[PDB]
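Before any questions on binding or motion, here is one chain by itself as structure tokens, the form deposited without this ligand.
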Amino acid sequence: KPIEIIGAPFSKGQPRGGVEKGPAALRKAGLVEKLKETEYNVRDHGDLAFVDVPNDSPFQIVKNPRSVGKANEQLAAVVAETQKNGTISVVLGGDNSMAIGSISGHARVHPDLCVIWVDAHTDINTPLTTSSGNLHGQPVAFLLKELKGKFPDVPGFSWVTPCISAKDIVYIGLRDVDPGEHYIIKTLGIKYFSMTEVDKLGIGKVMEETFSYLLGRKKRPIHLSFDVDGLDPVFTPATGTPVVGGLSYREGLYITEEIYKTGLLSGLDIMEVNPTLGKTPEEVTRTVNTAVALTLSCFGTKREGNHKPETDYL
């Protein structure tokens, strides 16, 4: 299938500006040029133009409710339109809040989708469980069918319809979960693999297990939402919430590598790359670079090597 890159230069999901610069950074590092060189057809849709919503009064504790909700509706419309034409959507963030419009727009055309969430955090805090009014920590709360009506109506998200049930999402890389969020996953029985399970089983067993758990009897589309902070800070330092002890550069490449093998990758998010938080210019190139490597891996690049078929090299 072909591919369509969508830039989502948004940052209202948290106080730290800088993330709207993620897609620029990634593009300038040669993302699209490199994607063309694979067996995939690549089209660059460009960057979406977001606009501030006037007098965006905080809803209780939640900041920039309407801005985020508006941004996400617009994104969801773009995603689903591109999806309809039979293409694999690739979204560049931007903060985690853009996960909302991505999975919504995807599910409109594929209600039988499943989400694989690589991150150090669950981002499953509701407007009532949050200690921060930042929406980048609440995307999975606006998407679950079992959490519908468990928290009020935030101004801006009226268009949102819970598109997946807890029984459809797997978490890999958890190491900084809030009490409220950990409750919701214990209660709703969401399948996860925090760092402890990774140490216990190995990345191999992890992929081996997430797969059967989702594609066991019914094979379905895969939506991989990748938060750059899921890997260790020594690999991807330019992010808003670096947390020590994460997945290694090798583990991140393995996750995506297996995802390719299934051939069901239908959507993909590359969130939280904040080019401005690099303690040095080098820390920025390091982060950007692994994000680009992660994206090429999902689209065919293997570490054992690659070569075009129908071409005798000897």
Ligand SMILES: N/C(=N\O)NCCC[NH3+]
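The numbering used is simple: start at 1 and walk along the sequence shown.
The next section is about a form of this same protein that is not shown, the form deposited with this ligand bound.
Quiz prompt | Contact assignment for this ligand in the bound PDB entry, among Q74, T241, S194, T87, heavy atom within 4.5 Å | solution = None of the others qualify; the residue that does is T241.
Practice problem: Check each of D232, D178, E81, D168 and return the one that places a heavy atom within 4.5 angstroms of this ligand in the bound PDB entry. | Solution: For this set of options, the contacting one is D178.
Quiz prompt | Which of 100-108, 183-191, 114-122, 202-210 sits within 4.5 Å of this ligand in the bound PDB entry, heavy atom basis | solution = Flagged stretch: 114-122.
Quiz item: Should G137 be counted as a contact of this ligand in the bound PDB entry, where contact means heavy atoms within 4.5 Å?
Solution: Close contact exists here: in the bound PDB entry, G137 approaches this ligand to within 4.5 Å, heavy atoms only.
Quiz item: Should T161 be counted as a contact of this ligand in the bound PDB entry, where contact means heavy atoms within 4.5 Å?
Solution: Output for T161 is no: heavy atoms all beyond 4.5 Å of this ligand.
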